[PDB]
Amino acid sequence: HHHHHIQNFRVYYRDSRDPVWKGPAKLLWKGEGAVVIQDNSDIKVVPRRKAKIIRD
Ligand code: NI
């Protein structure tokens, strides 16, 4: 199966204990306190404070 990303979004994000922004990733889901991103083959849950959601 394939998780189609939400169109017109890109996301940069940080993992725990690492200040360097990773990305660009696709946005798969927007929740109240977190987002789901897809970075190549990795689908990850990122707290909103660690996500840079860029309208594209
Ligand atoms: Ni899946």
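Within the chain, considering only strands (runs of 3 or more DSSP E) that don't extend past its boundaries, which have at least 3 residues that are of a type in the set (A, V, I, L, M) and in contact with a strand residue (DSSP E or B) (Cβ under 6 Å, 6 or more places away or on another chain)? Full working, then the answer.
Working: elements: 9-13, 22-30, 34-39, 42-47, 51-55.
In the chain, 22-30, 34-39, 51-55 are the strands (runs of 3 or more DSSP E) which contain 3 or more residues that are of a type in the set (A, V, I, L, M) and in contact with a strand residue (DSSP E or B) (Cβ under 6 Å, 6 or more places away or on another chain).
Among the residues of segment 3-21, what is the count of those that are more than 16 Å from the ligand (Cβ to nearest atom) and crowded, with 17+ Cβ neighbours inside 10 Å? Before the answer, list the steps.
Taking segment 3-21 as the starting set, the residues that turn out to be more than 16 Å from the ligand (Cβ to nearest atom) are 7-21.
Then drop every residue that is not crowded, with 17+ Cβ neighbours inside 10 Å, which leaves 9, 11-14.
Of the residues in that region, 5 qualify.
Read-outs throughout are calculated quantities, based only on the coordinates presented, and are distinct from any laboratory measurement. So basically every Cβ, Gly included, is an ideal-geometry build from the backbone, and we count neighbours across all protein chains shown.
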